[PDB]
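Here is how the chains run, residue by residue.
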Amino acid sequence: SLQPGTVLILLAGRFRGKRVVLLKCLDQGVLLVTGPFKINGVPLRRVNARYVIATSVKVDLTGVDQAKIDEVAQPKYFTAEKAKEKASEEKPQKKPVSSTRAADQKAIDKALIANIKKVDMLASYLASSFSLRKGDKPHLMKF
Amino acid sequence: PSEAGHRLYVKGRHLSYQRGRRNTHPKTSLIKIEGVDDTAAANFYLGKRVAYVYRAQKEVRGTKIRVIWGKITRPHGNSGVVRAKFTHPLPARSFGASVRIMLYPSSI
Amino acid sequence: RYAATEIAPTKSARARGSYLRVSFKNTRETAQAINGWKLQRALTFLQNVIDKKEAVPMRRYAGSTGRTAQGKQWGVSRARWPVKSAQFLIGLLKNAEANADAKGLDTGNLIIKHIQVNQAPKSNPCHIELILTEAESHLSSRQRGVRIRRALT
Amino acid sequence: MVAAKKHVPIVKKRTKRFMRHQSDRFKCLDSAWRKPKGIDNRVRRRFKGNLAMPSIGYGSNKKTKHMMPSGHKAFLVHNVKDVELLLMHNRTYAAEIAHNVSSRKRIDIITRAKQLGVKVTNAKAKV
Amino acid sequence: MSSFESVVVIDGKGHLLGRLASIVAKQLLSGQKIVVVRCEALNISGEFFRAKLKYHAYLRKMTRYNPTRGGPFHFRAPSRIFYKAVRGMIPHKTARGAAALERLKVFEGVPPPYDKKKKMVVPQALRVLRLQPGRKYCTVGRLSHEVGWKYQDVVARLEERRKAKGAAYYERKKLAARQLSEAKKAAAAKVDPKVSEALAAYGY
RNA sequence: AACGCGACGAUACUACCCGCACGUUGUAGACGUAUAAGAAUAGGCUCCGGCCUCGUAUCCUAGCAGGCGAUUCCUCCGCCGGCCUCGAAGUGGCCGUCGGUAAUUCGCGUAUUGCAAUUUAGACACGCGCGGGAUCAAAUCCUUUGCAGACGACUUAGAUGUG
RNA sequence: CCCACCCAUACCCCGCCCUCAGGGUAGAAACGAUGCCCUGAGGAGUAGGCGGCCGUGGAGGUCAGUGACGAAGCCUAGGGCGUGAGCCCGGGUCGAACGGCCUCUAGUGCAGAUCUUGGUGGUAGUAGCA
RNA sequence: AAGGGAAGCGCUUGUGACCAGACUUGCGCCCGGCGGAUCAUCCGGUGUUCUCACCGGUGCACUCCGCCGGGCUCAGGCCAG
């Protein structure tokens, strides 16, 4: 159900309800996803397949740099400056985004965002949170 | 102005324990999920998470909300009521009480 | 030694009597009646009990006790006039007042902070004691993050 | 050292005591277990809803018997010679100072055991 | 559809006493708040002389020495009859049963708090859906009136007033629905050809 | 009904009412807690075209837990006043002002809570605080009375008056 | 008559305890061999039979045992071990002796006996004090 | 703290009150600064289990014994995915 370039619905974590786009499927059940940030605020981040839900909206990935994605897919990209950043955090101010990280998003979200602005109302879909109304049945409704 | 709901769980009601005519077993509880009517509907939610959320008197680590976690194990009967196993048996005062049934781990 | 050991001895006056040949039950009832009262109010009440103007309510040891209208002061029906225990308690309260005067406390603002009646070696005598006093985080990362975001916004 | 030898998890088949019948009703009866010899009483007959009887089925695992939750076995220590006996068992045994040992002898035992790598169950008694 | 609501109001007209009480008791013990109205409009299967005979036997049963305390309090109101059925079906001598009975409410007629609320129906207890057409039935209100309920006429007059007010409300509903129909067609052109066919394809 | 209820008078203290700062305050258990015809069932509804197994329906539902700024919109919502309405255990409408408001589109921010950890967020009730208005009470004991009485209890009377 | 479902200590899988049964373990780098390892089966219980353990007073040997820097005893909404009888530790009190281990010894283990002695309850501030 | 014509007891939660454990880092490698001369080999004596050790001599900068300013690995407590 999940392929490179598929819209996912996060069910847990800080970004709960936030519909995102899965770009690359990693190993041991982890997934590399992104908003894109300019749409719903979700950055280039890795989540769990058991906590995502796969919709059938599939977005085109033509023109997207696979090499750049495969660099973020490495096993120390996110958990690297983690020790230094948290320690440095110790009036409150927003911790700064690794120059490298703010620099990477822009590339991938520029290409992906362009292919999303093409499909009718898709920006609106991705920017909105999924929520459960009254009378809707998760075992019957098709995603 | 979002003026919209923020629910991501399915409502459920802790009804009772798995019991005989006399003997009661607090290990496994009976949960009535909102909108489930039959065993196929139950089979969709087998394996899903369930949380009993209640309010306490003392705030221990920033909140008075305490939660008991468990999972849906197997369907019960023919009416969609499910059996659930929790890390601790439920207080037995929460018969007919609310539980939150979470969709993870997901398979769809 | 006294039962109430949580009161400083420099701020309170203490009175004691042992092997008192007065009824333990009646003395308990009148001590419970005068518990927590001002010294002047308690002395006036005890003198009234002597003069049959006010009655001590019998709460625990009140089997087959005659009724009297004075019981309405306590919302109870069974009241009595324990005259001899009243005299003994008057003597002990006077001893406590003399001790307070010796220590230099203000007798106009003393309350019966502690009063206690125990059984003595056996007729059923009792011990009485009383004390008068002057009346006067391990937060998680997610919660830290949500709180930081709330502080910013 | 501080850490104990690797062991299988310590499981307790029953965490509460086996109180004597009617000990909650009569104060002349202590709570220590006594097997009832009456032919008609439901506790002996094993009727449901009554007190359980001690049995060998509750016996703890052989590899975790006599083990504290830290994984050590308590050895009653009276002096420096006893902790020197306990030398060769740092990871399996802990030292429990006898209740009648004086404070200075306790200080000496604690110093020797800290040199020795041995856990002391009651190292903070008279501090 | 196994839906949970805050409080559900059940219109008691045309409902079998025992079956409705069974459904209500199960809901109360599962944790749903129930408000039953028109207990005088409730129905009992069988014939009226059989129901009256049963109630007269109930009256016969009484405590000797002291009728004031410990005796069977013979409540004559239809709401109390339905409450008696529900209490007999709920374990009232427990804290759980007391909580369920505190979740239950019953009234005669439809009080003004509940006249503007939606009244639901239980098809599993309806007379017209359950009984065979040739079979007899009686009215709990009639039984209560013939055993000593003093307020049949007052409830009847209040129901007449409520029905008149409901007729006025329904004339207003007619006006609103007619205007809604005219408004839909009037903006059926002024909209967007795509949206219209888009909704038709998506089922709206 | 001494653990059923209604109307009214006076309510000193305390703080009676009003607004929010809320509470490390409680709740057999919020998370869209949305939805009023009546009546019949061997019939009914209607705009009078027609329609009715089917509430698997209608409303509402997008936006840092929902930010800031624009083109465009007169739609929805709430608080206060005015006119009336609702009494079965008491409310809604109309007008008006005032505040908010994606039906279309766009821009600038969200990152780091680090792969999940109740999304501490509702209501009523209760309590501490201020700053605005206001109020300024009784009962019991005591004496007396005898329409009352085993004792309590009850009917009476004690403040300048036919005491 | 047909379908699905609920559960007993019953039946099946796994873990652990005990018992019984069947095997292995020396030119010892060898063992509380009264030990250790492997496999299988079994598990209610009156009268009765057998075995192992817990506890008390005193005796011999030993721990070059503990102790006025606090023995024993007692109290504890404080802990740890043992299936259990019981054993060990912490806190408070206290003041002068006591304990573990192998044997010996016996006036050695209590809920009953309308038990013995002593102390103390409800009845009850009641009957009553002519 | 509980209490609407008994209490007391078993299994299992929950609330309140109160506590015993666990951890505080250990092990081994790559660096540098060191402080030192108990590296090896050989010689004489001694004791032993007749080939192993102990003493004194010899041996002093990629040889041995401890510390510091760093880096890496592994093993490390509770609850979990």
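This deposited entry lists cryo-EM as its structure determination method and 3.1 Å as its resolution.

A.B. asks: How would you summarise the overall build of chain D if you had to cite specific residues and measurements?
C.D. replies: In terms of regular secondary structure, chain D is built from three helices and three strands. What you see in chain D, going N to C, is helices and strands ordered as α-β-α-β-α-β. Against the globule reference of 14 Å for 127 residues, chain D gives a C-alpha radius of gyration of 20 Å, more extended than a compact globule. When burial is assessed residue by residue, chain D has 23% of its 127 residues classed as buried. In chain D, 46% of the contacts between residues at least 6 apart in sequence involve partners at least 24 apart. When the accessible surface of chain D is summed, it comes to about 10,100 Å², and 55% of that surface belongs to carbon and sulfur atoms.

A.B. asks: Could you give an account of the protein's contact with RNA strand F, naming the residues involved and the relevant values?
C.D. replies: If you check the shell around RNA strand F, you find 106 residues, and the closest are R14 and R45 of chain A, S2 and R55 of chain B together with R150 of chain C. Sugar plus phosphate, as a fraction of atoms of RNA strand F within 4 Å of the protein: 51%. Here a sugar or linking oxygen of RNA strand F sits 2.9 Å away from a polar atom, N or O, in the side chain of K72 of chain C. Take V110 of chain E: an N or O atom from its main chain is 3.0 Å from a base nitrogen of RNA strand F. For the surface near RNA strand F, the element with the highest residue contribution is helix α8 (residues 152–189) of chain E, accounting for 13 residues.

A.B. asks: Please give an account of helix α3 (residues 83–103) of chain C that cites residues and values.
C.D. replies: All names here are of chain C. Over its 21 residues, α3 extends 30 Å from the first C-alpha to the last, a length consistent with the 30 Å expected when each residue adds 1.5 Å. Residues of α3 that are buried make contact with β1 (12–20), α1 (24–34), α2 (39–50), β4 (110–119) and β5 (126–134). Of the residues flanking the end of α3, it is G104, one or two places downstream, whose phi is positive at about 100°.

A.B. asks: How would you summarise the nonpolar core if you had to cite specific residues and measurements?
C.D. replies: Core analysis: the largest hydrophobic core is formed by 34 residues, its most contacted members being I34, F45, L46, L93 and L130 of chain C. If you tally residues by element for this core, the top one is α3 of chain C, at seven residues. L46 of chain C has contacts with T30, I34, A86, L89, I90 and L93 of chain C, leaving out every residue within four places of it along the chain. Counting residues in hydrophobic clusters, the runner-up holds 32 residues, among them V8, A21, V24 and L29 of chain E.

A.B. asks: Help me get a handle on the packing of aromatic side chains, residues and values and all.
C.D. replies: Applying the stated criterion across every chain yields a total of 14 aromatic pairs over all chains. Plain terms: the ring middles of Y77 of chain A and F78 of chain A are 5.0 Å apart, the flat faces sit at 70° to each other, and that makes the pair edge-to-face. Neither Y77 of chain A nor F78 of chain A differs from the other in exposure class; each is buried. Here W37 of chain C and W74 of chain C contribute two aromatic rings whose centre-to-centre distance is 5.7 Å and whose plane-to-plane angle is 20°, an arrangement assigned as stacked. Separated by 37 residues along the polypeptide, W37 of chain C in the loop between α1 and α2 and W74 of chain C in the loop between β2 (56–57) and β3 (79–80) bring together distant segments of the chain. The residues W37 of chain C and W74 of chain C share a single accessibility class, namely buried. Sitting over the face of the ring of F18 of chain D, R14 of chain D holds its NZ or CZ atom 3.8 Å from the ring centroid.

A.B. asks: Before we move on, can you summarise the arrangement of the chains with the specific residues and values?
C.D. replies: By number of contacts, the leading pair among the six pairs of chains in contact is chains A and B. The smallest C-alpha distance separating chain C from chain E is 25 Å, and no contact links them. Chain E makes no contact with chain D, the minimum C-alpha separation between the two being 20 Å.

A.B. asks: Describe the interface of chain A and chain B, listing the residues and the values that go with them.
C.D. replies: In this complex, chain A contributes 21 residues to the contact, which on the side of chain B involves 16 residues. Together, the buried faces of chain A and chain B total about 1,600 Å²; carbon and sulfur atoms form 61% of this surface. Contact with chain B buries area across many residues of chain A, yet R50, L132 and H139 of chain A alone supply 37% of it, more than any other trio. At the surface where chain A touches chain B, the tally comes to zero salt bridges. Our enumeration of links across chain A and chain B arrives at nine residue pairs in polar contact. It is strand β5 (residues 52–58) of chain A that contributes the most residues to the side of chain A that touches chain B, three residues altogether.

A.B. asks: Describe the packing of α1 of chain C against α2 of chain C, with residues and values.
C.D. replies: Residues and elements named next belong to chain C. Between α1 and α2, the least distance of the axes is 10 Å, while the angle of their chain directions is 140°. Between α1 and α2, the crossing angle belongs to the class labelled oblique. Crossing handedness for the pair α1 and α2: right-handed. Residue-level contacts link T30, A33 and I34 of α1 to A42, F45 and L46 of α2. Considered class by class, the residues forming the contact of α1 with α2 number five nonpolar, one polar and no charged.

A.B. asks: Pulling in residues and values, what's your account of unusual backbone geometry?
C.D. replies: Put simply, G35 of chain A and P36 of chain A share a cis peptide bond, and its omega is 15°. Topologically, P36 of chain A is positioned in the loop between β3 (30–34) and α1 (37–40). Of note, the bond from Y104 of chain B into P105 of chain B is cis; its omega dihedral lies within 30 degrees of zero at 0°. Within the fold, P105 of chain B resides in the segment after β6 (97–102). Non-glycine residue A92 of chain B carries a positive phi angle of around 70°.

A.B. asks: I'd like a description of the layout of surface pockets, backed by residues and values.
C.D. replies: Estimated volume of the second largest pocket: approximately 900 Å³. Taken together, 27 residues form the lining of the second largest pocket, with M1, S2, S3, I23 and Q27 of chain E sitting closest to its centre. Elements with a minimum of two residues in the lining of the second largest pocket: β1 (9–19) of chain B together with β1 (7–11) and α1 (17–30) of chain E. Here the lining of the second largest pocket takes six residues from α1 of chain E, the largest share from any one element. Broken down by class, the residue content of the lining of the second largest pocket amounts to 14 nonpolar, eight polar and five charged.

A.B. asks: Explain the side chain of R83 of chain B to me, and be specific about the residues and the numbers.
C.D. replies: By secondary structure assignment, the location of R83 of chain B is in strand β5 (residues 82–86). We note that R83 of chain B is buried and unpaired, the nearest opposite charge coming from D38 of chain B at a distance of 17 Å.

A.B. asks: Please set out helix α7 (residues 140–147) of chain E residue by residue, giving values where relevant.
C.D. replies: Residue and element names in this part refer to chain E. Buried within α7 are the following residues: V140, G141, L143, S144 and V147. Taken end-on, α7 shows its buried residues confined to a sector of 160°, consistent with a single buried face. Against β3 (43–45), α2 (48–60), α3 (78–89), β6 (137–139) and α8 lie the buried residues of α7. Backbone geometry just downstream of α7 places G148 in the positive-phi region, at approximately 135°.

A.B. asks: So what about the pattern of salt bridges? Which residues, and what values?
C.D. replies: Tallying each qualifying case throughout the model produces twelve salt bridges over all chains. Across the salt bridge formed by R112 of chain D and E84 of chain D, the nearest N and O atoms sit 3.7 Å from each other. Of this pair, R112 of chain D sits in helix α3 (residues 103–116) while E84 of chain D is found in helix α2 (residues 80–85), placing the two residues 28 residues apart along the sequence. Overall, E84 of chain D belongs to the partly exposed group, its relative accessible area being 38%. Its salt-bridge partner being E159 of chain E, residue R162 of chain E comes within 3.2 Å of it at the nearest N-O pair. Here the residue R162 of chain E and the residue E159 of chain E both occupy positions in helix α8, the gap between them amounting to three residues, near one helical turn.

What counts and how
Residues numbered from 1 in each chain as written, not as in the entry; some residues may be left out. Chains lettered and ligands numbered in written order. Part of a larger assembly, values for the part shown. Heavy atoms only, no water. Helix = DSSP H or I, 4+ residues; strand = E, 2+ residues; numbered from the N terminus. Rg over C-alpha atoms; globule rule 2.2 N^0.38 Å. Buried < 20%, exposed > 50% of the residue type's maximum accessible area, 1.4 Å probe, protein only. Contact = heavy atoms within 4.5 Å. Areas by Shrake-Rupley, 256 points an atom, 1.4 Å probe, with all protein chains shown as cover. Near = heavy atom within 4 Å. Polar contact = N/O pair within 3.5 Å; in protein donor to acceptor, adjacent residues only side chain to side chain. Expected span 1.5 Å × (residues − 1). Core = buried A, V, L, I, M, F, W, Y, C linked by side-chain atoms within 4.5 Å. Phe/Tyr/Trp six-rings, centres within 6.5 Å; stacked < 30°, edge-to-face > 60°. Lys NZ or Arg CZ within 6 Å of the ring centre and 35° of its normal. Buried area = accessible area lost by both parts, 1.4 Å probe. Salt bridge = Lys/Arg side-chain N within 4 Å of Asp/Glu carboxyl O. Axes fitted to C-alpha atoms, helices over the stretch in contact; angles between N-to-C directions. Parallel < 35°, antiparallel > 145°, perpendicular 65-115°, else oblique. Left-handed = near helix turned anticlockwise from the far one by under 90°. Nonpolar A, V, L, I, M, F, W, Y, C, P; charged D, E, K, R; others polar. 1 Å grid on protein atoms, 1.4 Å probe; cavity = no way out; pocket = protein on both sides within 12 Å on 5 of 7 lines; lining within 4 Å. Points joined across faces, edges and corners; volume = space filled by probe spheres on them. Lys, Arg positive; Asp, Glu negative; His and termini not counted. Arc of directions from axis to C-beta.

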